[PDB]
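Chemist: One structure follows; several queries about it will come next.
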Amino acid sequence: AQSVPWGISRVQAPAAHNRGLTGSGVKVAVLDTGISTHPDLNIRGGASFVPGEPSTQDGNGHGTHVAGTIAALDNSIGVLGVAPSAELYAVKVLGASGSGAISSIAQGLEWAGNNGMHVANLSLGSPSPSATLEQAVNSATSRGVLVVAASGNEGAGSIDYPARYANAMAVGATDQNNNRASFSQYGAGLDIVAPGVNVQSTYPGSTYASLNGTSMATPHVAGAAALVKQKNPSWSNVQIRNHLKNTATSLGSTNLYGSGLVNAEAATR
Ligand SMILES: [Ca+2]
Ligand SMILES: [Ca+2]
């Protein structure tokens with residue numbers, strides 16, 4: 001039996017799926033700890049920029065979880081992604097430990113822009129700026145990639161890099177009450193929010209686990225971007241990003257929530 005995680009329902013993905021929008025033909029790169037082979041995922045390709053982990057398989061669990069929020073297959077098992085038909089690429093930029101070097105992250109973005117990815121999911125971030133990272137974000141953006149990044153989990157009124165950068169779409173986390181999750185970073189540069197508490201998704205060992213974080217929020221938005229891209233094949237990264245913000249549900253202060261809660265039903269109308 002397949003279940004629909006609360007976050008998926010919250011952003012109204014099923015509403016879009018019922019119009020025939022599933023992210024078909026949209027390439028989405030997950031820059032994380034890898035993506036493990038799993039019955040509820042369809043992994044098309046990828047690369048590893050982590051020396052010592054040549055494989056794209058996930059030794060952490062984070063990348064697998066993020067991947068399932070975007071594209072867990074619509075079938076009779078497991079869960080359901082926001083864009084269950086999206087073409088998923090495992091881009092390993094973090095090791096099993098869940099940490100990585102900036103250069104691996106920049107190489108992953110370069111890779112995304114060189115392989116014609118439409119969306120890059122970066123559920124990672126640092127409080128410090130990086131010239132190398134910035135340049136990578138900007139290069140992937142002028143290559144047509146929509147870069148989506150987590151705002152950070154420190155609960156402070158400033159957001160992490162790369163989410164803070166103008167060309168990155170910064171995502172914060174909401175709870176079941178449509179309030180900002182206590183850990184969700186907010187402030188200047190925040191674009192939008194999505195569910196980030198108790199998020200059930202795919203996990204290594206062919207199972208399912210529930211996590212919390214802005215890392216869980218991010219994929220909801222990467223998935224919503226694929227739905228819009230499928231509907232509007234001619235739109236650029238920028239047009240998609242503005243549309244998502246334009247159709248978000250206002251939740252209160254823009255300092256805390258940016259545009260509001262992503263809404264895939266409204267964005268695919
Ligand atoms: Ca499934
Ligand atoms: Ca931003």
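Scheme for the structure tokens: letters A, B, ... for chains in order shown; per-chain residue numbers from 1; ligand numbers from 1 in order shown.
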Which residues of chain A come within 7 Å of ligand 1, and for each one, what is the closest pair of atoms and their distance in Å to one decimal, counting only C-alpha atoms and all ligand atoms, sorted by chain and residue number, as a Markdown table?
Modeler:
| residue | atom | partner | partner_atom_place_in_ligand_line | distance |
| --- | --- | --- | --- | --- |
| A:2 | CA | ligand 1 | 1 (Ca) | 5.4 |
| A:40 | CA | ligand 1 | 1 (Ca) | 5.1 |
| A:72 | CA | ligand 1 | 1 (Ca) | 5.4 |
| A:73 | CA | ligand 1 | 1 (Ca) | 4.4 |
| A:74 | CA | ligand 1 | 1 (Ca) | 4.6 |
| A:75 | CA | ligand 1 | 1 (Ca) | 4.7 |
| A:76 | CA | ligand 1 | 1 (Ca) | 5.9 |
| A:77 | CA | ligand 1 | 1 (Ca) | 4.5 |
| A:78 | CA | ligand 1 | 1 (Ca) | 4.4 |
| A:79 | CA | ligand 1 | 1 (Ca) | 4.3 |
| A:80 | CA | ligand 1 | 1 (Ca) | 4.8 |
Chemist: Now that the selection is made, can you save its residues with N, CA, C and O atoms as a PDB file, in the first residue's frame?
Modeler:
ATOM      1  N   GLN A   2       0.486   2.267  -0.775  1.00  0.00           N
ATOM      2  CA  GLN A   2       1.234   3.539  -0.876  1.00  0.00           C
ATOM      3  C   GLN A   2       0.681   4.593   0.082  1.00  0.00           C
ATOM      4  O   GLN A   2      -0.561   4.725   0.128  1.00  0.00           O
ATOM      5  N   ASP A  40      11.193   2.321  -4.468  1.00  0.00           N
ATOM      6  CA  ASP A  40      10.284   3.476  -4.692  1.00  0.00           C
ATOM      7  C   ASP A  40      11.015   4.634  -5.359  1.00  0.00           C
ATOM      8  O   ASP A  40      10.441   5.743  -5.392  1.00  0.00           O
ATOM      9  N   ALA A  72       9.518  10.125  -5.170  1.00  0.00           N
ATOM     10  CA  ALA A  72       9.145   8.706  -4.848  1.00  0.00           C
ATOM     11  C   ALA A  72       8.059   8.339  -5.848  1.00  0.00           C
ATOM     12  O   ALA A  72       7.112   9.118  -6.131  1.00  0.00           O
ATOM     13  N   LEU A  73       8.203   7.142  -6.450  1.00  0.00           N
ATOM     14  CA  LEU A  73       7.354   6.651  -7.554  1.00  0.00           C
ATOM     15  C   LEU A  73       5.890   6.508  -7.118  1.00  0.00           C
ATOM     16  O   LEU A  73       5.617   6.100  -5.976  1.00  0.00           O
ATOM     17  N   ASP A  74       5.062   6.835  -8.082  1.00  0.00           N
ATOM     18  CA  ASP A  74       3.610   6.711  -7.845  1.00  0.00           C
ATOM     19  C   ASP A  74       3.177   5.268  -8.270  1.00  0.00           C
ATOM     20  O   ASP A  74       3.025   4.987  -9.481  1.00  0.00           O
ATOM     21  N   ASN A  75       2.989   4.440  -7.242  1.00  0.00           N
ATOM     22  CA  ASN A  75       2.731   3.004  -7.509  1.00  0.00           C
ATOM     23  C   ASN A  75       1.972   2.404  -6.322  1.00  0.00           C
ATOM     24  O   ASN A  75       1.264   3.152  -5.630  1.00  0.00           O
ATOM     25  N   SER A  76       2.193   1.113  -6.006  1.00  0.00           N
ATOM     26  CA  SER A  76       1.448   0.500  -4.887  1.00  0.00           C
ATOM     27  C   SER A  76       2.294   0.350  -3.633  1.00  0.00           C
ATOM     28  O   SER A  76       1.812  -0.418  -2.773  1.00  0.00           O
ATOM     29  N   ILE A  77       3.464   0.977  -3.513  1.00  0.00           N
ATOM     30  CA  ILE A  77       4.278   0.823  -2.298  1.00  0.00           C
ATOM     31  C   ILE A  77       4.803   2.193  -1.817  1.00  0.00           C
ATOM     32  O   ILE A  77       4.798   3.157  -2.565  1.00  0.00           O
ATOM     33  N   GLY A  78       5.373   2.138  -0.655  1.00  0.00           N
ATOM     34  CA  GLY A  78       6.113   3.241  -0.068  1.00  0.00           C
ATOM     35  C   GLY A  78       5.332   4.539   0.011  1.00  0.00           C
ATOM     36  O   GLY A  78       4.224   4.582   0.556  1.00  0.00           O
ATOM     37  N   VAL A  79       5.986   5.576  -0.490  1.00  0.00           N
ATOM     38  CA  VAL A  79       5.425   6.970  -0.447  1.00  0.00           C
ATOM     39  C   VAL A  79       5.189   7.520  -1.822  1.00  0.00           C
ATOM     40  O   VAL A  79       5.056   6.802  -2.817  1.00  0.00           O
ATOM     41  N   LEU A  80       5.005   8.845  -1.931  1.00  0.00           N
ATOM     42  CA  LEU A  80       4.711   9.497  -3.193  1.00  0.00           C
ATOM     43  C   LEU A  80       5.491  10.852  -3.217  1.00  0.00           C
ATOM     44  O   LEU A  80       5.394  11.544  -2.180  1.00  0.00           O
TER      45      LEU A  80
END
Chemist: Quick one: which chain A residues come within 9 Å of ligand 2, and what is the nearest atom pair for each with the distance in Å to one decimal, counting only C-alpha atoms and all ligand atoms, rows ordered by chain and ascending number, as a Markdown table?
Modeler:
| residue | atom | partner | partner_atom_place_in_ligand_line | distance |
| --- | --- | --- | --- | --- |
| A:148 | CA | ligand 2 | 1 (Ca) | 8.8 |
| A:149 | CA | ligand 2 | 1 (Ca) | 8.4 |
| A:151 | CA | ligand 2 | 1 (Ca) | 8.7 |
| A:159 | CA | ligand 2 | 1 (Ca) | 8.6 |
| A:161 | CA | ligand 2 | 1 (Ca) | 8.8 |
| A:162 | CA | ligand 2 | 1 (Ca) | 7.9 |
| A:163 | CA | ligand 2 | 1 (Ca) | 5.1 |
| A:164 | CA | ligand 2 | 1 (Ca) | 4.5 |
| A:165 | CA | ligand 2 | 1 (Ca) | 5.0 |
| A:166 | CA | ligand 2 | 1 (Ca) | 4.7 |
| A:167 | CA | ligand 2 | 1 (Ca) | 6.4 |
| A:168 | CA | ligand 2 | 1 (Ca) | 4.9 |
| A:169 | CA | ligand 2 | 1 (Ca) | 4.9 |
| A:170 | CA | ligand 2 | 1 (Ca) | 4.7 |
| A:171 | CA | ligand 2 | 1 (Ca) | 8.3 |
| A:188 | CA | ligand 2 | 1 (Ca) | 7.8 |
| A:189 | CA | ligand 2 | 1 (Ca) | 4.0 |
| A:190 | CA | ligand 2 | 1 (Ca) | 5.5 |
| A:191 | CA | ligand 2 | 1 (Ca) | 6.0 |
Chemist: So what do you get for CA of residue 132 in chain A versus CA of residue 147 in chain A, distance-wise?
Modeler: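 According to the coordinates, CA of residue 132 in chain A and CA of residue 147 in chain A are separated by 15.3 Å.
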Chemist: May I ask which of the residues A:127, A:157, A:84, A:205 is the closest one to residue 67 in chain A, counting only C-alpha atoms?
Modeler: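 Smallest separation from residue 67 in chain A among the options: A:84.
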Chemist: Check the smallest atom-to-atom distance from each of A:9, A:214, A:123, A:22 to residue 99 in chain A using only C-alpha atoms, then report the winner.
Modeler: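 Looking only at the distances to residue 99 in chain A, the closest residue turns out to be A:123.
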Chemist: Here is a test: counting only C-alpha atoms, which residue of A:118, A:229, A:245, A:220 is nearest to residue 6 in chain A?
Modeler: A:220
Chemist: So which one's closest to residue 116 in chain A, A:204, A:95, A:25, A:68? Using only C-alpha atoms, please.
Modeler: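 Between A:204, A:95, A:25, A:68, the residue approaching residue 116 in chain A most closely is A:25.
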Chemist: From the options A:217, A:222, A:70, A:228, which residue's atoms come nearest to residue 120 in chain A, counting only C-alpha atoms?
Modeler: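 Once distances to residue 120 in chain A are computed over only C-alpha atoms, the minimum belongs to A:222.
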Chemist: Residues of range 23-108 of chain A in strand (DSSP E or B) according to DSSP, as an NGL selection string?
Modeler: :A and (27-32 or 43-48 or 87-92)
Chemist: Using CA of residue 254 in chain A and CA of residue 218 in chain A as the two end points, give the distance in Å to one decimal.
Modeler: 17.4 Å
Chemist: Give me, as a ChimeraX atom specification, all polymer residues having an atom no more than 10 Å from residue 264 in chain A, counting only C-alpha atoms and skipping those fewer than 6 positions away in the same chain.
Modeler: /A:8-17,21,82,220-221,223-228,244,247-248
Chemist: Point out the residue among A:146, A:211, A:256, A:96 with the least atom-to-atom distance to residue 180 in chain A, counting only C-alpha atoms.
Modeler: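 The shortest atom-to-atom distance to residue 180 in chain A comes from A:256.
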Chemist: Using CA of residue 97 in chain A and CA of residue 61 in chain A as the two end points, give the distance in Å to one decimal.
Modeler: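 It comes out at 10.0 Å.
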